[PDB]
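Trainee: Handing over run25.cif, mmCIF, C-alpha atoms and all ligand atoms.
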```cif
data_query
#
loop_
_atom_site.group_PDB
_atom_site.id
_atom_site.type_symbol
_atom_site.label_atom_id
_atom_site.label_comp_id
_atom_site.auth_asym_id
_atom_site.auth_seq_id
_atom_site.Cartn_x
_atom_site.Cartn_y
_atom_site.Cartn_z
ATOM 1 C CA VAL R 3 0.000 0.000 0.000
ATOM 2 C CA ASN R 4 3.069 2.407 0.335
ATOM 3 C CA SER R 5 1.314 4.638 2.950
ATOM 4 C CA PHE R 6 4.379 6.740 3.989
ATOM 5 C CA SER R 7 3.766 9.493 6.553
ATOM 6 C CA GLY R 8 5.788 11.892 8.709
ATOM 7 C CA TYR R 9 8.716 12.376 6.272
ATOM 8 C CA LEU R 10 10.752 15.514 5.608
ATOM 9 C CA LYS R 11 10.845 16.208 1.800
ATOM 10 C CA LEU R 12 14.495 16.815 0.842
ATOM 11 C CA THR R 13 14.119 16.859 -2.979
ATOM 12 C CA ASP R 14 11.300 16.043 -5.442
ATOM 13 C CA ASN R 15 12.022 12.296 -4.945
ATOM 14 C CA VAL R 16 13.981 11.882 -1.674
ATOM 15 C CA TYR R 17 12.319 11.849 1.775
ATOM 16 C CA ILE R 18 13.763 11.241 5.268
ATOM 17 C CA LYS R 19 12.428 10.341 8.739
ATOM 18 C CA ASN R 20 13.880 9.575 12.186
ATOM 19 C CA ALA R 21 12.399 6.067 12.460
ATOM 20 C CA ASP R 22 13.141 2.347 12.775
ATOM 21 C CA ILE R 23 12.912 0.802 9.260
ATOM 22 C CA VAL R 24 11.185 -2.302 10.771
ATOM 23 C CA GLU R 25 8.381 -0.231 12.307
ATOM 24 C CA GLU R 26 8.058 1.766 9.085
ATOM 25 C CA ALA R 27 7.726 -1.472 7.068
ATOM 26 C CA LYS R 28 4.936 -2.711 9.385
ATOM 27 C CA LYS R 29 3.000 0.574 9.107
ATOM 28 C CA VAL R 30 3.623 1.425 5.440
ATOM 29 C CA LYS R 31 3.345 -2.068 3.870
ATOM 30 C CA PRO R 32 5.811 -1.061 1.107
ATOM 31 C CA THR R 33 6.237 -2.780 -2.244
ATOM 32 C CA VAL R 34 10.026 -2.778 -1.566
ATOM 33 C CA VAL R 35 12.117 -2.591 1.574
ATOM 34 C CA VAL R 36 15.909 -2.215 1.092
ATOM 35 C CA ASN R 37 18.226 -4.284 3.253
ATOM 36 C CA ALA R 38 21.749 -2.984 4.067
ATOM 37 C CA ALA R 39 23.239 -6.351 3.123
ATOM 38 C CA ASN R 40 26.696 -7.960 2.851
ATOM 39 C CA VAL R 41 27.928 -10.176 -0.011
ATOM 40 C CA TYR R 42 27.091 -13.622 1.548
ATOM 41 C CA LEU R 43 23.696 -12.272 2.887
ATOM 42 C CA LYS R 44 24.559 -12.936 6.564
ATOM 43 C CA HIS R 45 21.798 -10.949 8.289
ATOM 44 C CA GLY R 46 23.459 -10.048 11.501
ATOM 45 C CA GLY R 47 23.900 -6.630 12.878
ATOM 46 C CA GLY R 48 22.598 -3.288 11.853
ATOM 47 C CA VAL R 49 19.547 -3.135 9.595
ATOM 48 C CA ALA R 50 19.958 -6.709 8.311
ATOM 49 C CA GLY R 51 19.749 -8.297 11.780
ATOM 50 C CA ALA R 52 16.709 -6.140 12.611
ATOM 51 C CA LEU R 53 14.821 -7.019 9.394
ATOM 52 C CA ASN R 54 15.697 -10.746 9.673
ATOM 53 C CA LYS R 55 14.550 -10.961 13.338
ATOM 54 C CA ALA R 56 11.283 -9.197 12.352
ATOM 55 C CA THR R 57 10.694 -12.040 9.818
ATOM 56 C CA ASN R 58 11.424 -14.662 12.555
ATOM 57 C CA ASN R 59 14.449 -15.818 10.550
ATOM 58 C CA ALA R 60 12.486 -16.468 7.322
ATOM 59 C CA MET R 61 14.725 -13.982 5.463
ATOM 60 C CA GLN R 62 17.921 -15.801 6.543
ATOM 61 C CA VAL R 63 16.586 -19.269 5.507
ATOM 62 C CA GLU R 64 15.622 -17.926 2.024
ATOM 63 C CA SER R 65 18.963 -16.064 1.686
ATOM 64 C CA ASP R 66 21.029 -19.140 2.622
ATOM 65 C CA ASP R 67 19.337 -21.218 -0.108
ATOM 66 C CA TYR R 68 19.940 -18.417 -2.663
ATOM 67 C CA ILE R 69 23.673 -18.151 -1.753
ATOM 68 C CA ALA R 70 24.189 -21.958 -1.779
ATOM 69 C CA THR R 71 23.384 -22.036 -5.514
ATOM 70 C CA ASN R 72 24.302 -18.576 -6.728
ATOM 71 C CA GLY R 73 27.285 -17.564 -4.569
ATOM 72 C CA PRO R 74 27.957 -14.126 -3.095
ATOM 73 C CA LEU R 75 26.943 -10.753 -4.498
ATOM 74 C CA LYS R 76 29.517 -8.081 -5.443
ATOM 75 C CA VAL R 77 29.989 -4.784 -3.552
ATOM 76 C CA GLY R 78 27.672 -2.286 -5.257
ATOM 77 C CA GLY R 79 25.321 -5.095 -6.368
ATOM 78 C CA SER R 80 21.858 -6.128 -5.295
ATOM 79 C CA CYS R 81 19.443 -9.057 -5.206
ATOM 80 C CA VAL R 82 15.594 -9.038 -5.105
ATOM 81 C CA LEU R 83 14.135 -11.750 -2.835
ATOM 82 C CA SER R 84 10.853 -12.070 -0.882
ATOM 83 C CA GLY R 85 9.870 -9.303 1.555
ATOM 84 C CA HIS R 86 8.154 -11.876 3.772
ATOM 85 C CA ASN R 87 5.811 -10.179 6.317
ATOM 86 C CA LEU R 88 7.543 -6.754 5.923
ATOM 87 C CA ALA R 89 7.119 -5.921 2.226
ATOM 88 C CA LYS R 90 6.248 -7.504 -1.129
ATOM 89 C CA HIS R 91 9.996 -7.674 -2.000
ATOM 90 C CA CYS R 92 13.279 -7.108 -0.217
ATOM 91 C CA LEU R 93 16.015 -5.493 -2.311
ATOM 92 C CA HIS R 94 19.293 -6.640 -0.674
ATOM 93 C CA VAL R 95 21.891 -3.963 -1.541
ATOM 94 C CA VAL R 96 25.624 -4.198 -0.680
ATOM 95 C CA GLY R 97 27.230 -0.820 0.053
ATOM 96 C CA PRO R 98 31.011 -0.609 0.568
ATOM 97 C CA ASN R 99 32.298 -1.211 4.106
ATOM 98 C CA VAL R 100 34.957 1.486 4.357
ATOM 99 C CA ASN R 101 35.919 0.258 7.891
ATOM 100 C CA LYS R 102 37.057 -2.910 6.075
ATOM 101 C CA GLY R 103 38.900 -0.970 3.334
ATOM 102 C CA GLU R 104 36.247 -1.311 0.600
ATOM 103 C CA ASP R 105 36.014 1.312 -2.131
ATOM 104 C CA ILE R 106 33.768 4.259 -1.269
ATOM 105 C CA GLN R 107 33.332 5.029 -4.997
ATOM 106 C CA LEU R 108 31.051 1.925 -5.260
ATOM 107 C CA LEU R 109 28.424 3.684 -3.061
ATOM 108 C CA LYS R 110 27.021 5.295 -6.295
ATOM 109 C CA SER R 111 26.599 1.793 -7.850
ATOM 110 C CA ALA R 112 24.855 0.623 -4.663
ATOM 111 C CA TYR R 113 22.258 3.428 -4.879
ATOM 112 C CA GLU R 114 21.832 3.002 -8.689
ATOM 113 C CA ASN R 115 20.029 -0.325 -7.943
ATOM 114 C CA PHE R 116 17.163 1.699 -6.424
ATOM 115 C CA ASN R 117 16.363 3.102 -9.941
ATOM 116 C CA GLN R 118 14.753 -0.200 -11.025
ATOM 117 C CA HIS R 119 11.922 0.350 -8.450
ATOM 118 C CA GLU R 120 9.271 3.082 -8.527
ATOM 119 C CA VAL R 121 9.150 3.511 -4.725
ATOM 120 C CA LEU R 122 11.300 2.138 -1.888
ATOM 121 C CA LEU R 123 11.638 2.218 1.912
ATOM 122 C CA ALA R 124 15.397 2.242 2.599
ATOM 123 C CA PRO R 125 18.164 2.796 5.157
ATOM 124 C CA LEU R 126 21.160 5.140 4.650
ATOM 125 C CA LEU R 127 23.715 2.951 2.831
ATOM 126 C CA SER R 128 27.178 2.278 4.239
ATOM 127 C CA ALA R 129 26.404 4.100 7.535
ATOM 128 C CA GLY R 130 26.882 2.686 11.076
ATOM 129 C CA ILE R 131 29.656 0.088 11.383
ATOM 130 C CA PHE R 132 30.248 0.223 7.581
ATOM 131 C CA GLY R 133 31.962 3.592 8.297
ATOM 132 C CA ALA R 134 30.958 5.930 5.457
ATOM 133 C CA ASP R 135 30.420 9.549 6.187
ATOM 134 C CA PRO R 136 26.500 9.826 6.517
ATOM 135 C CA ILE R 137 26.414 13.266 4.907
ATOM 136 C CA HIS R 138 28.296 11.844 1.921
ATOM 137 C CA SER R 139 25.924 8.828 1.659
ATOM 138 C CA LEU R 140 22.864 11.167 1.627
ATOM 139 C CA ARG R 141 24.493 13.299 -1.149
ATOM 140 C CA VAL R 142 25.216 10.207 -3.279
ATOM 141 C CA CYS R 143 21.562 9.099 -2.737
ATOM 142 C CA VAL R 144 20.169 12.500 -3.842
ATOM 143 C CA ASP R 145 22.500 12.709 -6.857
ATOM 144 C CA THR R 146 21.924 9.097 -8.025
ATOM 145 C CA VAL R 147 18.397 7.931 -7.214
ATOM 146 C CA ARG R 148 15.612 9.190 -9.560
ATOM 147 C CA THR R 149 12.746 7.013 -8.181
ATOM 148 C CA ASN R 150 10.876 7.764 -4.917
ATOM 149 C CA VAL R 151 12.989 6.870 -1.887
ATOM 150 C CA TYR R 152 11.871 7.101 1.760
ATOM 151 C CA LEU R 153 14.896 6.985 4.062
ATOM 152 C CA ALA R 154 14.417 5.745 7.627
ATOM 153 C CA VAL R 155 17.336 6.713 9.935
ATOM 154 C CA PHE R 156 17.017 5.187 13.433
ATOM 155 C CA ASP R 157 19.168 7.685 15.396
ATOM 156 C CA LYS R 158 17.889 11.133 16.315
ATOM 157 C CA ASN R 159 21.319 12.777 16.553
ATOM 158 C CA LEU R 160 22.354 11.420 13.169
ATOM 159 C CA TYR R 161 19.021 12.428 11.579
ATOM 160 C CA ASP R 162 19.279 15.994 12.988
ATOM 161 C CA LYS R 163 22.925 16.326 11.751
ATOM 162 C CA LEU R 164 21.986 15.065 8.238
ATOM 163 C CA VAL R 165 19.021 17.401 7.924
ATOM 164 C CA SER R 166 20.979 20.430 9.212
ATOM 165 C CA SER R 167 23.889 19.692 6.826
ATOM 166 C CA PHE R 168 21.598 19.124 3.808
ATOM 167 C CA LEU R 169 19.756 22.428 4.421
ATOM 168 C CA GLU R 170 22.986 24.495 4.370
HETATM 169 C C1 LIG F 201 14.938 -2.131 17.002
HETATM 170 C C2 LIG F 201 15.201 -2.875 15.735
HETATM 171 N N1 LIG F 201 15.642 -1.952 14.686
HETATM 172 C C3 LIG F 201 16.937 -1.682 14.479
HETATM 173 O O1 LIG F 201 17.814 -2.144 15.178
HETATM 174 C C4 LIG F 201 17.278 -0.745 13.387
HETATM 175 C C5 LIG F 201 18.526 -0.289 13.024
HETATM 176 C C6 LIG F 201 18.333 0.663 11.966
HETATM 177 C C7 LIG F 201 19.141 1.534 11.182
HETATM 178 N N2 LIG F 201 20.491 1.588 11.348
HETATM 179 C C8 LIG F 201 21.396 2.453 10.603
HETATM 180 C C9 LIG F 201 22.277 1.672 9.634
HETATM 181 C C10 LIG F 201 22.294 1.984 8.275
HETATM 182 C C11 LIG F 201 23.083 1.274 7.378
HETATM 183 C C12 LIG F 201 23.866 0.226 7.830
HETATM 184 C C13 LIG F 201 23.858 -0.108 9.191
HETATM 185 C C14 LIG F 201 23.064 0.609 10.078
HETATM 186 O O2 LIG F 201 24.626 -1.130 9.691
HETATM 187 C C15 LIG F 201 25.684 -1.552 8.784
HETATM 188 C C16 LIG F 201 25.224 -1.686 7.397
HETATM 189 O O3 LIG F 201 24.667 -0.438 6.911
HETATM 190 C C17 LIG F 201 22.216 3.336 11.590
HETATM 191 C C18 LIG F 201 23.178 4.222 10.861
HETATM 192 C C19 LIG F 201 21.293 4.214 12.458
HETATM 193 N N3 LIG F 201 18.550 2.342 10.262
HETATM 194 C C20 LIG F 201 17.211 2.296 10.160
HETATM 195 N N4 LIG F 201 16.340 1.538 10.842
HETATM 196 C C21 LIG F 201 16.950 0.728 11.729
HETATM 197 N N5 LIG F 201 16.319 -0.123 12.598
#
```
Now that the file is in, can you turn its structure into structure tokens?
Ligand SMILES: CCNC(=O)c1cc2c(N[C@H](c3ccc4c(c3)OCCO4)C(C)C)ncnc2[nH]1

Mentor:
Amino acid sequence: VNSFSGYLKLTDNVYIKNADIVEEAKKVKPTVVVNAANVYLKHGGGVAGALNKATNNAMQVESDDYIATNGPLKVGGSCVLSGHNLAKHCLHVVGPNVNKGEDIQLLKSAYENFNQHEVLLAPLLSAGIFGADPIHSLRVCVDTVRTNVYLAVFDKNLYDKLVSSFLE
């Protein structure tokens, strides 16, 4: 149903909210929820652990069967699988982990995957323990994504910093 509410409009197609992506998925019932994935789809930590626990591990069982046959994704790549109880589909997107020395330039490729979908609920890619500068990730999002993206950032201090910086 894509019933998004309470978002700050940053550009004609990018929106942001201080919210838990799991609670947004339950309220909004989106066509697509984006997971902040890693290449072998191990859904621990961060957004991935939160989404997988909210599916009672159904996402991890489906992801393990996908990886057994298809092997890992690449950094910057993505994979559509079921959204289970949270969405129609989950778009698993791998941003670079700069705290592990991955290439920050591939963050543009990671966001480009969003352009195959008319509307998405998503986290801020490569943030948290992946180490990218959040202000930089929001700029790459705004400059790359053309479809309608609703960003849920579950940290009030980070959200207030991003909004203040974007409005400069
Ligand atoms: C109570 C259950 N819910 C949650 O624990 C939860 C965590 C959430 C989150 N985390 C951000 C993040 C964004 C990209 C990430 C990442 C972490 O980890 C590493 C890979 O990339 C963080 C910067 C605030 N963003 C949005 N909704 C979230 N919900």

Trainee: List the neighbours of residue 86 of chain R out to 8 Å using all atoms listed in the file; skip same-chain residues closer than 4 positions along the sequence, and give me the result as a PyMOL selection string.

Mentor: chain R and resi 57+60-61+90-91

Trainee: Mind listing the residues within 6 Å of ligand LIG 201 (chain F), all atoms listed in the file counted, as a short mmCIF file (atom, residue, chain, number, x, y, z; two decimals) with C-alpha atoms, in the frame of the given file?

Mentor:
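out_28.cif, written as the output of this step:
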```cif
data_model
loop_
_atom_site.label_atom_id
_atom_site.label_comp_id
_atom_site.auth_asym_id
_atom_site.auth_seq_id
_atom_site.Cartn_x
_atom_site.Cartn_y
_atom_site.Cartn_z
CA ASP R 22 13.14 2.35 12.78
CA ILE R 23 12.91 0.80 9.26
CA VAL R 24 11.18 -2.30 10.77
CA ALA R 38 21.75 -2.98 4.07
CA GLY R 48 22.60 -3.29 11.85
CA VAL R 49 19.55 -3.14 9.60
CA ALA R 52 16.71 -6.14 12.61
CA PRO R 125 18.16 2.80 5.16
CA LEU R 126 21.16 5.14 4.65
CA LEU R 127 23.72 2.95 2.83
CA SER R 128 27.18 2.28 4.24
CA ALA R 129 26.40 4.10 7.54
CA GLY R 130 26.88 2.69 11.08
CA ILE R 131 29.66 0.09 11.38
CA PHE R 132 30.25 0.22 7.58
CA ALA R 154 14.42 5.74 7.63
CA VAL R 155 17.34 6.71 9.94
CA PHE R 156 17.02 5.19 13.43
CA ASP R 157 19.17 7.68 15.40
#
```

Trainee: Out of R:121, R:89, R:164, R:18, which residue has the shortest atom-to-atom distance to residue 37 of chain R when counting all atoms listed in the file?

Mentor: R:89

Trainee: Let me make sure I understand: among R:122, R:43, R:151, R:21, which one has the smallest atom-to-atom distance to residue 70 of chain R if we use all atoms listed in the file?

Mentor: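 Nearest to residue 70 of chain R: R:43.
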
Trainee: Of the residues R:147, R:82, R:35, R:75, which is the one nearest to residue 117 of chain R, using all atoms listed in the file?

Mentor: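 Smallest distance to residue 117 of chain R is found for R:147.
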
Trainee: First collect every listed atom of segment 73-91 of chain R; then fit an axis-aligned box around them, widen it by 4 Å on each side, and give centre and edge lengths in Å to one decimal, as lines of an AutoDock Vina configuration file.

Mentor:
```
center_x = 17.9
center_y = -9.9
center_z = 0.0
size_x = 32.2
size_y = 23.3
size_z = 20.7
```

Trainee: Just give me the gap between atom CA of residue 85 of chain R and atom CA of residue 102 of chain R in Å, one decimal is fine.

Mentor: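 Rounded to one decimal, the two atoms are 28.3 Å apart.
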
Trainee: Rank R:5, R:84, R:146, R:71 by their smallest atom-to-atom distance to residue 108 of chain R, using only C-alpha atoms, and report the top residue only.

Mentor: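 When distances to residue 108 of chain R are compared using only C-alpha atoms, the smallest one comes from R:146.
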
Trainee: What is the atom CA of residue 124 of chain R to atom CA of residue 148 of chain R distance in Å?

Mentor: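 Separating atom CA of residue 124 of chain R from atom CA of residue 148 of chain R is a distance of 14.0 Å.
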
Trainee: Compare R:58, R:64, R:150, R:79 by their minimum atom-to-atom distance to residue 6 of chain R, counting all atoms listed in the file, and give me the closest one.

Mentor: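 Using all atoms listed in the file, residue 6 of chain R sits closest to R:150.
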